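This report concerns only the one structure given below.
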Amino acid sequence: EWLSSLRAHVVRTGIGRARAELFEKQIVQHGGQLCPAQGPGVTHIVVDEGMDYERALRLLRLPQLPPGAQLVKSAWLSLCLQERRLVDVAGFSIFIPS
Amino acid sequence: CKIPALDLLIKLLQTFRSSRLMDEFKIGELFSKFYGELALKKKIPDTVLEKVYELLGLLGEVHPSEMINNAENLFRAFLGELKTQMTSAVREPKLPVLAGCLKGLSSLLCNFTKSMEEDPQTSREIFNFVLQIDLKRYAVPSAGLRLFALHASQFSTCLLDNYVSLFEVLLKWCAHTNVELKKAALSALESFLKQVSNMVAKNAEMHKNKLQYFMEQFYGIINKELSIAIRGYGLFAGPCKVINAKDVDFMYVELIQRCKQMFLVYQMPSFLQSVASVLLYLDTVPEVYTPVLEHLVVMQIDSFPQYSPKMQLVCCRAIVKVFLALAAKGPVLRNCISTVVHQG
Amino acid sequence: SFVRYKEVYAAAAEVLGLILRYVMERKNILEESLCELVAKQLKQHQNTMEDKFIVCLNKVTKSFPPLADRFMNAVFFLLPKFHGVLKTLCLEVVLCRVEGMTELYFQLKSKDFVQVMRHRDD
Amino acid sequence: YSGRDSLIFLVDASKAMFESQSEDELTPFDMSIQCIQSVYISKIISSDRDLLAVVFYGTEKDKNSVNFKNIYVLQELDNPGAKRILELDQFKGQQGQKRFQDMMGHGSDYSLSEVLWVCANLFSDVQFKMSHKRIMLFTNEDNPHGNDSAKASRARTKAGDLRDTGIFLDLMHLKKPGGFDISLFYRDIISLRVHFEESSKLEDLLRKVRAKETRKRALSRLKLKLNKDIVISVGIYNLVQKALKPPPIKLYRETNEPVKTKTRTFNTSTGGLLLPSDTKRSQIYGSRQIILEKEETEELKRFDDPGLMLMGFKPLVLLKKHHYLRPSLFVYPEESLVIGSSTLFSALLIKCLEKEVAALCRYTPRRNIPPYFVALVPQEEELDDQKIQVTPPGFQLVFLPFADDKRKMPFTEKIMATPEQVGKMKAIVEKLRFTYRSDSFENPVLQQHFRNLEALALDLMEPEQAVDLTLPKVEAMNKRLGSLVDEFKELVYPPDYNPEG
Amino acid sequence: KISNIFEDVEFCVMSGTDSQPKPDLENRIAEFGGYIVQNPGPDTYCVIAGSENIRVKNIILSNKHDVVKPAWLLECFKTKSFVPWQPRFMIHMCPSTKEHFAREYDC
Amino acid sequence: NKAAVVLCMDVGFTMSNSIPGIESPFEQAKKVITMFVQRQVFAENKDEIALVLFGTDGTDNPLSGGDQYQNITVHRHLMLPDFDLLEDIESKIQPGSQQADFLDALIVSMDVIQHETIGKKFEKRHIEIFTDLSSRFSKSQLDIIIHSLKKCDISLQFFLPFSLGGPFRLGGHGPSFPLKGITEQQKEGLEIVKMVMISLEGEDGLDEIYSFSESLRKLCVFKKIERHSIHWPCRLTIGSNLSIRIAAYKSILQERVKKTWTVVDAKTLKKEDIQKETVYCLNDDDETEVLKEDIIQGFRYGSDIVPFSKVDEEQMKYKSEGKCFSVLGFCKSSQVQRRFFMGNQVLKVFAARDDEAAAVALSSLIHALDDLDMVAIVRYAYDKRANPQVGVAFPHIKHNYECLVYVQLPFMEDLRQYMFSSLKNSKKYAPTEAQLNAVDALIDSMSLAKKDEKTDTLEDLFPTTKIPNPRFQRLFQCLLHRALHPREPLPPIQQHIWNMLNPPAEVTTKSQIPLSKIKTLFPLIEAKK
Amino acid sequence: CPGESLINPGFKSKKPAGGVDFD
DNA sequence: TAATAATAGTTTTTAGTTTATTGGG
DNA sequence: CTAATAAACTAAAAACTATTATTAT
């Protein structure tokens, strides 16, 4: 239940459907409860590797990024999955132009 | 995926070469996409499109933690592709550029992530050792020898074996066509001799290798390869300092005698680097040769014209080396430098 | 006829062209039979690959223009088939038509000379 | 080899082709349109790789780069497409000819030299490996330019020019109430009956032809070794290949563009993307499963280099002919790498035909493939009435089963029957004998696949009916035999036992 | 778009060649802001039908959709209105549309 | 179903003696039993195995009573073999130091077969015996063994190191044992086993006896436990008023292993962590993901691809009508040629089982076809799902019965045509007469059949139809090598595999001289590969 | 050339599939 | 100082799965 | 009380061009 401190969001775009549902069930089992990205309380946003800030904005119809939501890739969460404890999002954060 | 992939790949290569220290803001993510599409099982792309292998090598960036973490996955993928392909006796010895791909890859990656603490070391070392014809092209041999020249420091500590085989294979590589192959072979020679010099400096049982290789080669000299052995003979004096310290200034005496013999071509810089190395080893100098030393070096300075830029830079590096070597003995330093600059 | 190395049939073409141009030093023509003989030995076994056709016509008409008389239409057919110096060779073979200007303007309308001469090469 | 082919079609614009002596009969224009559509669809089915064009002349308008008057090209030399089929289809019929006369000119004077020139020009405008020449024409008039004898002279001059430049033409008879009367202007300018009628080879064009006819291609370049060092150039072919439906072309729902396929493997517990190196071949035999990698799996599959090594000689009668495993192959001698191998092939075929013995030979088709044992069956060259080969010369390739390939059969005994019944169905078979011919049995199921395919492609009003030949005409045989079948039923079966359960 | 009614209700614009051509219909649909497809879909509520041929036979046997004549679409275009559904521009129809017509009188 | 089969082997030293120049019967028996065990284990059939071993240094038998039933040790009863049995076979099977009589071991084997058959259905019982017959024995219970066989009807197959009746080949073509190497005890045991097997079966039973070397060359070792595959119960169709119920069987088929290699993680070593998937996205519109139900097939019609669905095709395609199978026409057997025999597999068709009237009718048909040299073209459909096929069937009478064999035939679309040169006119490749005679001599020295004396039959130096696939054997060898020792590289193609794979060297040596003759008489040159 | 496919050079002409004709 | 020899890139079989399709017990 | 299996399906490798670096001086 080490992931119970995570209220993140998963994006179907860029993530395989089997991969997406696997990540969903993994985060739910470890206590992590998903929330809508455009809503508040988003710890992280599960996107693909090659996501762009403006591309994500127009994909989710967000004029601005949600507060506290980090545009992180699936590699970090998969990593935390095999070694069973959290890792920093460094090396997984996509740059946000001003 | 065709010729467009080829010249796009060279777009990326030259862009990495030229644009540095600034355009690195948006390069890690595209690297990750290329790594992802490499992992695609759909191996339709041609046997030339995989040069994205060596295009994985990034050196214009500080290389932050992202591909640092990716590096181990990178390395296992590379060794898997290697052990799949380069096995000449597994019925698929088809590597037109594949080995060169892995070469440029490892050259641009292993600059900063290697350690003398694993069996992976001897694994990739012997995989280099496996490197029979290329129809006077020899892209794979020149590639492997350039890699060895650039990373012999990271290939150290396990080359104690098969040194003799390395000797003759590099000697034979030093005599073919494709002048780039010879110069890569040369650079491999200096890298390897530097590594073995460090090894015998830290060795205790170096005498076996000494008697097996070095005096044999030096006496067997009795064109360019001869001068390569002149370099090696001049510089291997580490064990001579370690054991038979008299032999140090002994072989010094014979080599300066041969300097007089050749005194009265393209042989002078070899003698220059040799005397630089031995004076770095040497502590007490027979002063009778110091006027001979300054006379011969200023005559060498007079020979600076009728040289191509290659031996021009070689001899300038040699004169810097000898000037550094003579700096150990302060009075000798000042007197000799004053005499040589005045005469020159 | 043998096509393995360019020099063999190239030298053959140049010598045959010079013989045709200087048979008894132009004072007569009585070896015409050999002229259609060489034209035949060319067109048979050369009008099916045409790789050395252009170069051999070049090297024979460098001395003897009037031998193309059996081959204007043949060379016109092969005009839009190359991209490199082959195009230049066929163009200069056409240039050797210094005698037969019955009608060439419409042929070159049909073959689109203009984009060919857009191409940069001296 | 011979590369792409080009077929070009010419029809004059004149009122003669829009009219017929009998209005029940088609117009030459309309029959030409329907025939050209038929040959277009036949070629699309058969050998769509080649190049076709449509061009008209004699109109009130012209379409060509040369800007020769009334010379109107319609479709340039291109691989045929359904859009071409339909855009030539709407002009069929009475309304089709009416709308053609409306939007397109029809009926004017011209020259044959200029149309020949422009057709040769557009033929030259193709940058593909040409194989053959076919420039069709359609006219009911044999003297279209006899008014100007100079026009006839330049026309025959340009025909000589095309035949010099390796161009071949062909002429189609069109119906003429006065007789088409060939040799008036042809048989000399081109390369018999006056032909009041028209059907000379159009009937071969109208019949539907559906095939693929794979071109001349070697199956494998193979090197034969007798013992250890006898090198022979041999070429393997097949006279038969299983015909299959073309693969479906996966594509998008709405835009219908062909979607590319992405295939990848990723972790379950980790969730991350897997790697090809991590993939390991696994099989579970007994308790302990087997861990393996693919490369050494084909290395185990790798036994010997490709080649054919003679394993001896056996008379053709000793082998039991029912032993087959695959469609038989056919080898031909080669002289590509080895010179003189054909002499050896001739000598061995002559000697083996004299001695009627097969040649057992171990077979290895491709590298890292299991070897196999094949016997070489010689084949002679048989000609037809016109001395054209019907049985190719060379060697057939028969395949012999292993011990395991022979499935065990349940026990069966020998049961005898009355010779009276034997003679009875001897008479029965003699009643219904015929001679087999290989050119009369197709797969109508694939034909129906194609039929529906053009039905949907061209929006044909009906799904074209497959003319199946596999169904017997049971009524005919029952009429021929009749009271013999129940005679068999009484002779053999008990007169209370239905054949059903 | 300008119609503000062509939004939603996926239209299967593939059979409009009665007398008018194909492209003009979907160009005017897109000007009016309408959905475009040439095959049945879950969102495809209606399918236009011009000429009648084997695809109509398929949609009859595979009763996934109905037959809509282009007259209704032309009326919607000229009037800038959503003309309702009445049995004059129907040929084939879904069973659910059959009980929809059961509301009218029977069919 | 399950077959109660047990293998009995002596653990004496007579066969374990190191025979100079020839593999000892101990080693030959070990090779054959290893082959059988690996075949059975990797087939994973439901037939169990027990371990009965006589001549062992120990004595553990269910009927031990002193002197008799001695030196017999039983380790494992009739259970499914595992890799433990394989490692015991390669390890525990060693030269022994005790001798006894095999009759007691056979008695305890049949005793445990009878005892352990309760509680489990067995299709049949089997046992095979590997003895060198070079040990003194008492012919006491052999008749009692025969009597017990009469009241039990157990399948028996006999294999001995000596041949029943040269170059050193294992399973190939040569003498399995010289006729002089057998001792008097070997001949006595040969006579005893001959009369025993005659009493059990007879001449066919004598044919069931084979040699240690050549047992690997044939499937007759597996002949006792073979089971035929499924069949096709249908009805022959002649017009409308004539029909015969039939049960067609697949005679010859290129069999394929059921088991294929799966994919496991390098660390998890299981399929569970592995998750292969396929992705479809709009490549044109910037990799926009495409739903697996928003995806359509198509076909390249003309110079374009026409859009086309799937369900529409199957509802407009051709529809077959069940498992129809009807004769079509009547043609002479001379019209058809061997090269046109299509179809991957070979089908043997037979009537409904025990339908005597149908059998008599088809037999009369067979006789008429044979006398008329007659064949009939038949259209075949496996079921409504299958695409219907056509072909011809012919009758084949053996010495014991008559068989019907059906073969599929091609279409015009299947036919391929090409232009080939006339080699007769090829004056550039016309051989000389002396070269032709040399070729004839090479064929004679290389021919594999000589007209048998005193019999009109033709000898066959190469019975290759009874050689199974060696590829499977190499697969299974490397499989067991990896299973036992997943460390070292795989074994290569061992020489004895070639020995039952290659021709005998006698014909090769005969052809050596003519090989030189033609390679000298025929000049030739070759180009670089 | 007679006996060759007029629609396909290098290939023979093929007569339409007929089926059977009993005697 | 500037040539020609290896040499990939499309069809096209074909094995290698896979399946969804029966009756077996 | 649980199957080969025909067809479908993708994969993989050869064949035929196929210009394109590539040494000599």
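To be explicit about the labels: the chains of the structure tokens are called A, B, and onward in the order shown, and within each one the residues are counted from 1, while ligands get numbers from 1 in the order they are shown.
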Would you pick out the contacts of residue D:345 at 9 Å or less, using only C-alpha atoms (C1' of nucleotides), so that residues sharing its chain but fewer than 5 positions from it are not included, and give the list as a short mmCIF file (atom, residue, chain, number, x, y, z; two decimals) with N, CA, C and O atoms, in the first residue's frame?
data_model
loop_
_atom_site.label_atom_id
_atom_site.label_comp_id
_atom_site.auth_asym_id
_atom_site.auth_seq_id
_atom_site.Cartn_x
_atom_site.Cartn_y
_atom_site.Cartn_z
N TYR D 332 15.85 -27.82 -63.97
CA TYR D 332 16.38 -27.63 -65.31
C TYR D 332 17.87 -27.37 -65.23
O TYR D 332 18.34 -26.76 -64.27
N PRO D 333 18.64 -27.83 -66.22
CA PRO D 333 20.08 -27.57 -66.21
C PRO D 333 20.38 -26.08 -66.34
O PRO D 333 19.62 -25.33 -66.96
N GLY D 340 29.16 -26.23 -68.90
CA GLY D 340 29.14 -27.61 -69.33
C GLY D 340 28.23 -28.51 -68.54
O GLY D 340 28.17 -29.71 -68.83
N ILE D 350 19.73 -39.15 -70.85
CA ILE D 350 19.70 -40.18 -71.87
C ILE D 350 19.97 -41.55 -71.26
O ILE D 350 19.24 -42.52 -71.51
N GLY D 394 13.36 -32.33 -68.91
CA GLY D 394 14.08 -32.20 -67.66
C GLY D 394 13.77 -33.30 -66.66
O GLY D 394 13.62 -34.47 -67.04
N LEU F 423 17.00 -29.65 -75.34
CA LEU F 423 18.35 -30.12 -75.07
C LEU F 423 18.87 -31.02 -76.19
O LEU F 423 20.08 -31.13 -76.39
N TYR F 429 25.97 -28.73 -76.04
CA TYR F 429 25.97 -29.59 -74.86
C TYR F 429 25.59 -31.02 -75.23
O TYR F 429 24.76 -31.66 -74.60
#
Do a neighbour search on stretch 61-74 of chain A at 7 Å with only C-alpha atoms (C1' of nucleotides), toss out local chain neighbours closer than 3 positions, and write the hits as a CSV table (one decimal) with N, CA, C and O atoms, in the first residue's frame.
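The resulting out_33.csv:
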chain,number,residue,atom,x,y,z
A,37,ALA,N,-7.6,14.4,-14.7
A,37,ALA,CA,-6.5,15.3,-14.8
A,37,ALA,C,-7.0,16.8,-14.7
A,37,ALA,O,-6.4,17.6,-14.0
A,38,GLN,N,-8.1,17.1,-15.4
A,38,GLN,CA,-8.6,18.4,-15.4
A,38,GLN,C,-9.2,18.8,-14.0
A,38,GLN,O,-9.3,20.0,-13.7
A,40,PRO,N,-8.9,18.6,-9.7
A,40,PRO,CA,-7.8,18.9,-8.8
A,40,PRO,C,-7.3,17.6,-8.2
A,40,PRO,O,-7.8,16.5,-8.5
A,42,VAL,N,-4.4,16.1,-8.7
A,42,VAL,CA,-3.6,15.2,-9.6
A,42,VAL,C,-2.2,15.2,-9.2
A,42,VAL,O,-1.5,16.3,-9.3
A,43,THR,N,-1.7,14.1,-8.6
A,43,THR,CA,-0.3,14.1,-8.3
A,43,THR,C,0.6,13.9,-9.5
A,43,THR,O,1.6,14.6,-9.6
A,44,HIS,N,0.2,13.1,-10.4
A,44,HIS,CA,0.9,12.8,-11.7
A,44,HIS,C,0.0,12.5,-12.8
A,44,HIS,O,-1.2,12.1,-12.6
A,45,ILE,N,0.5,12.7,-14.0
A,45,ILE,CA,-0.3,12.4,-15.2
A,45,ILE,C,0.5,11.4,-16.0
A,45,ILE,O,1.6,11.6,-16.3
A,46,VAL,N,-0.2,10.2,-16.2
A,46,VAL,CA,0.5,9.1,-16.9
A,46,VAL,C,0.3,9.3,-18.4
A,46,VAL,O,-0.8,9.1,-19.0
A,47,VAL,N,1.4,9.7,-19.1
A,47,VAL,CA,1.4,9.9,-20.5
A,47,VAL,C,2.6,9.1,-21.1
A,47,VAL,O,3.3,8.5,-20.4
A,48,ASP,N,2.6,9.1,-22.4
A,48,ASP,CA,3.7,8.4,-23.1
A,48,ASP,C,5.0,9.1,-23.0
A,48,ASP,O,5.1,10.1,-22.3
A,49,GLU,N,6.0,8.6,-23.6
A,49,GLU,CA,7.4,9.1,-23.5
A,49,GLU,C,7.5,10.5,-24.3
A,49,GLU,O,8.0,11.4,-23.8
A,57,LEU,N,-1.8,19.8,-23.7
A,57,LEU,CA,-2.9,20.7,-23.4
A,57,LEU,C,-4.0,20.6,-24.4
A,57,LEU,O,-5.2,20.7,-24.0
A,58,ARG,N,-3.7,20.5,-25.6
A,58,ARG,CA,-4.8,20.4,-26.6
A,58,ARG,C,-5.4,19.0,-26.7
A,58,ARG,O,-6.5,18.8,-27.1
A,77,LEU,N,6.9,5.1,-13.3
A,77,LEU,CA,5.9,4.3,-12.5
A,77,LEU,C,6.1,2.8,-12.7
A,77,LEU,O,6.0,2.1,-11.7
A,78,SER,N,6.5,2.4,-13.9
A,78,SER,CA,6.9,1.0,-14.1
A,78,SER,C,8.1,0.7,-13.2
A,78,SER,O,8.1,-0.4,-12.6
A,89,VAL,N,10.6,11.9,-9.9
A,89,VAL,CA,10.3,12.1,-11.3
A,89,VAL,C,11.4,12.7,-12.2
A,89,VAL,O,11.2,13.0,-13.3
A,92,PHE,N,12.1,12.1,-15.9
A,92,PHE,CA,10.8,11.8,-16.5
A,92,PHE,C,9.9,13.0,-16.6
A,92,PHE,O,8.7,12.8,-17.0
A,93,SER,N,10.4,14.2,-16.4
A,93,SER,CA,9.5,15.4,-16.5
A,93,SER,C,9.7,16.0,-17.8
A,93,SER,O,10.9,16.3,-18.3
A,94,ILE,N,8.6,16.3,-18.5
A,94,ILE,CA,8.6,17.0,-19.8
A,94,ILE,C,8.6,18.5,-19.6
A,94,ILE,O,7.8,19.0,-18.8
Counting only C-alpha atoms, which residues of chain D sit at most 10 Å from some atom of chain B, and what is each one's closest atom pair with its distance in Å to one decimal, listed by chain and rising residue number, as a tab-separated table?
residue	atom	partner	partner_atom	distance
D:261	CA	B:42	CA	9.0
D:262	CA	B:42	CA	7.6
D:263	CA	B:41	CA	6.5
D:264	CA	B:40	CA	5.7
D:265	CA	B:41	CA	8.2
D:273	CA	B:39	CA	8.3
D:274	CA	B:39	CA	7.7
D:275	CA	B:39	CA	5.7
D:276	CA	B:39	CA	6.6
D:277	CA	B:80	CA	5.9
D:278	CA	B:77	CA	9.1
D:295	CA	B:84	CA	7.5
D:296	CA	B:90	CA	8.6
D:298	CA	B:90	CA	9.8
D:299	CA	B:90	CA	7.2
D:302	CA	B:91	CA	8.6
D:305	CA	B:91	CA	9.8
D:367	CA	B:91	CA	8.2
D:368	CA	B:91	CA	7.8
Export C-alpha atoms of the chosen residues as a compact mmCIF listing (two decimals), in the first residue's frame?
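Written output follows (out38.txt):
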# COMPACT_ATOMS: atom_id res chain seq x y z
CA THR D 261 0.94 -2.30 -37.80
CA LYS D 262 2.88 -1.83 -34.56
CA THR D 263 3.77 -4.93 -32.54
CA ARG D 264 5.45 -4.81 -29.14
CA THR D 265 5.82 -6.77 -25.92
CA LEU D 273 8.39 -2.33 -22.29
CA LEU D 274 10.16 -5.64 -22.83
CA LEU D 275 13.21 -6.19 -25.04
CA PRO D 276 13.87 -8.71 -27.83
CA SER D 277 16.94 -10.00 -25.97
CA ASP D 278 14.81 -10.88 -22.93
CA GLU D 295 19.12 -18.54 -32.38
CA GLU D 296 20.37 -21.88 -31.13
CA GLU D 298 17.49 -22.74 -35.64
CA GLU D 299 21.11 -23.77 -35.09
CA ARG D 302 20.61 -26.16 -39.03
CA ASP D 305 24.48 -26.61 -46.52
CA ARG D 367 20.45 -22.83 -45.29
CA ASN D 368 19.68 -23.93 -41.72
request  = Show me which bits of chain H are within 12 Å of chain B, counting only C-alpha atoms (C1' of nucleotides), as a count of residues only.
outcome  = 5
Go through chain E residue by residue and, counting only C-alpha atoms, keep those with an atom at most 12 Å from chain F; for each kept residue give the shortest atom pair and its distance in Å to one decimal, ordered by chain and increasing number, as a Markdown table.
| residue | atom | partner | partner_atom | distance |
| --- | --- | --- | --- | --- |
| E:37 | CA | F:294 | CA | 11.7 |
| E:38 | CA | F:307 | CA | 9.8 |
| E:39 | CA | F:309 | CA | 9.0 |
| E:40 | CA | F:294 | CA | 10.2 |
| E:41 | CA | F:294 | CA | 8.3 |
| E:42 | CA | F:294 | CA | 9.9 |
| E:43 | CA | F:294 | CA | 11.7 |
| E:54 | CA | F:316 | CA | 9.2 |
| E:55 | CA | F:312 | CA | 8.6 |
| E:56 | CA | F:312 | CA | 11.1 |
| E:57 | CA | F:316 | CA | 9.6 |
| E:58 | CA | F:312 | CA | 6.5 |
| E:59 | CA | F:312 | CA | 9.0 |
| E:60 | CA | F:312 | CA | 11.2 |
| E:61 | CA | F:315 | CA | 8.3 |
| E:62 | CA | F:312 | CA | 8.2 |
| E:63 | CA | F:312 | CA | 11.7 |
| E:64 | CA | F:312 | CA | 11.8 |
DSSP-assigned alpha helix (DSSP H) members of stretch 26-82 of chain E, reported as a PDB file with C-alpha atoms, in the first residue's frame:
ATOM      1  CA  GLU E  26     -20.430  16.056 -48.520  1.00  0.00           C
ATOM      2  CA  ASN E  27     -18.908  19.471 -49.278  1.00  0.00           C
ATOM      3  CA  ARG E  28     -22.258  21.058 -48.430  1.00  0.00           C
ATOM      4  CA  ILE E  29     -22.532  18.771 -45.385  1.00  0.00           C
ATOM      5  CA  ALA E  30     -19.120  19.932 -44.150  1.00  0.00           C
ATOM      6  CA  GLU E  31     -20.123  23.539 -44.814  1.00  0.00           C
ATOM      7  CA  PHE E  32     -23.199  22.847 -42.682  1.00  0.00           C
ATOM      8  CA  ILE E  54     -25.338  -4.889 -53.468  1.00  0.00           C
ATOM      9  CA  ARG E  55     -24.406  -2.723 -50.482  1.00  0.00           C
ATOM     10  CA  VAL E  56     -28.127  -2.131 -49.966  1.00  0.00           C
ATOM     11  CA  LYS E  57     -28.534  -5.912 -50.089  1.00  0.00           C
ATOM     12  CA  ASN E  58     -25.854  -6.283 -47.412  1.00  0.00           C
ATOM     13  CA  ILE E  59     -27.403  -3.651 -45.148  1.00  0.00           C
ATOM     14  CA  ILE E  60     -30.725  -5.445 -45.652  1.00  0.00           C
ATOM     15  CA  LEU E  61     -29.282  -8.818 -44.653  1.00  0.00           C
ATOM     16  CA  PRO E  70     -31.071  12.079 -50.850  1.00  0.00           C
ATOM     17  CA  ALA E  71     -34.343  14.020 -51.183  1.00  0.00           C
ATOM     18  CA  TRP E  72     -34.489  14.452 -47.399  1.00  0.00           C
ATOM     19  CA  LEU E  73     -30.913  15.754 -47.384  1.00  0.00           C
ATOM     20  CA  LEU E  74     -31.687  18.169 -50.224  1.00  0.00           C
ATOM     21  CA  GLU E  75     -34.741  19.418 -48.316  1.00  0.00           C
ATOM     22  CA  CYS E  76     -32.591  19.911 -45.216  1.00  0.00           C
ATOM     23  CA  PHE E  77     -30.006  21.800 -47.282  1.00  0.00           C
ATOM     24  CA  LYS E  78     -32.417  24.143 -49.061  1.00  0.00           C
ATOM     25  CA  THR E  79     -34.566  24.870 -45.995  1.00  0.00           C
TER      26      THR E  79
END
message = Taking 2 positions as the minimum chain separation for residues in the same chain, which residues sit within 12 Å of residue G:10 when counting only C-alpha atoms (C1' of nucleotides)? Answer as a PyMOL selection string.
response = (chain D and resi 1-3+5+131-133+213-216) or (chain F and resi 417-419) or (chain G and resi 1-8+12-13)
Which residues are close to residue C:113, i.e. within 12 Å by only C-alpha atoms (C1' of nucleotides), leaving aside same-chain residues fewer than 4 positions away? Reply as a CSV table (one decimal) with N, CA and C atoms, in the first residue's frame.
chain,number,residue,atom,x,y,z
C,76,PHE,N,15.6,8.9,-81.1
C,76,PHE,CA,14.5,9.7,-80.5
C,76,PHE,C,13.7,8.9,-79.5
C,79,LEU,N,15.4,8.9,-76.0
C,79,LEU,CA,15.7,10.2,-75.4
C,79,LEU,C,15.3,10.3,-73.9
C,80,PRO,N,14.0,10.1,-73.6
C,80,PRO,CA,13.6,10.2,-72.2
C,80,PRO,C,13.8,9.0,-71.3
C,87,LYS,N,22.3,11.2,-71.2
C,87,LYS,CA,21.5,12.2,-71.9
C,87,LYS,C,22.3,13.2,-72.7
C,88,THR,N,23.5,13.6,-72.2
C,88,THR,CA,24.4,14.5,-73.0
C,88,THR,C,24.9,13.8,-74.2
C,90,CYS,N,23.3,11.3,-75.9
C,90,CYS,CA,22.3,11.2,-77.0
C,90,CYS,C,22.0,12.6,-77.6
C,91,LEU,N,22.1,13.7,-76.8
C,91,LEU,CA,22.0,15.0,-77.3
C,91,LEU,C,23.0,15.3,-78.4
C,94,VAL,N,22.4,13.5,-81.5
C,94,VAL,CA,21.4,14.3,-82.3
C,94,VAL,C,22.0,15.5,-82.9
C,104,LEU,N,12.8,18.7,-86.9
C,104,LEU,CA,13.3,18.3,-85.6
C,104,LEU,C,12.5,19.0,-84.5
C,105,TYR,N,12.0,20.2,-84.8
C,105,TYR,CA,11.4,21.0,-83.7
C,105,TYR,C,10.3,20.3,-83.0
C,106,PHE,N,9.4,19.6,-83.8
C,106,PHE,CA,8.3,18.9,-83.2
C,106,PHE,C,8.7,17.7,-82.4
C,107,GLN,N,9.8,17.0,-82.9
C,107,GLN,CA,10.4,15.9,-82.1
C,107,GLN,C,10.8,16.3,-80.7
C,108,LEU,N,11.6,17.4,-80.7
C,108,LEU,CA,12.0,18.0,-79.4
C,108,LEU,C,10.8,18.6,-78.6
C,109,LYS,N,9.8,19.2,-79.2
C,109,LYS,CA,8.6,19.4,-78.5
C,109,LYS,C,8.0,18.2,-77.8
C,117,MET,N,17.5,20.8,-70.7
C,117,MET,CA,18.4,21.9,-70.8
C,117,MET,C,18.2,22.8,-69.6
C,118,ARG,N,17.2,22.6,-68.7
C,118,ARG,CA,17.2,23.2,-67.4
C,118,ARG,C,18.3,22.6,-66.5
C,119,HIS,N,18.7,21.3,-66.8
C,119,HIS,CA,19.7,20.6,-66.0
C,119,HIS,C,21.0,21.3,-66.2
inquiry  = I'd like to know which residues of stretch 288-394 of chain D are strand (DSSP E) (by DSSP, run on the backbone); could you write them as number ranges by chain?
reply    = D: 289-292, 307-315, 329-333, 338-339, 357-364, 372-379, 382-383, 389-391, 394
Neighbours of chain H in chain F at 10 Å, counting only C-alpha atoms (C1' of nucleotides), as a CSV table (one decimal) with C-alpha atoms, in the first residue's frame:
chain,number,residue,atom,x,y,z
F,260,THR,CA,6.0,-24.9,-30.1
F,383,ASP,CA,-17.4,-29.8,-44.4
F,385,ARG,CA,-16.4,-24.6,-43.6
request  = Write out as a PyMOL selection string each polymer residue whose atoms come within 8 Å of stretch 450-460 of chain D, counting only C-alpha atoms (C1' of nucleotides); drop sequence neighbours fewer than 6 positions from it.
outcome  = (chain D and resi 45+82+85-86+466) or (chain E and resi 53-55) or (chain F and resi 301+306+316-317)
Please produce, as a Markdown table, a per-residue contact table for chain C versus chain D (criterion: any atom at most 6 Å away, only C-alpha atoms considered), showing the nearest atom pair and its distance in Å to one decimal, sorted by chain then residue number.
| residue | atom | partner | partner_atom | distance |
| --- | --- | --- | --- | --- |
| C:74 | CA | D:165 | CA | 5.2 |
| C:77 | CA | D:124 | CA | 5.6 |
| C:81 | CA | D:127 | CA | 5.9 |
| C:110 | CA | D:66 | CA | 5.8 |
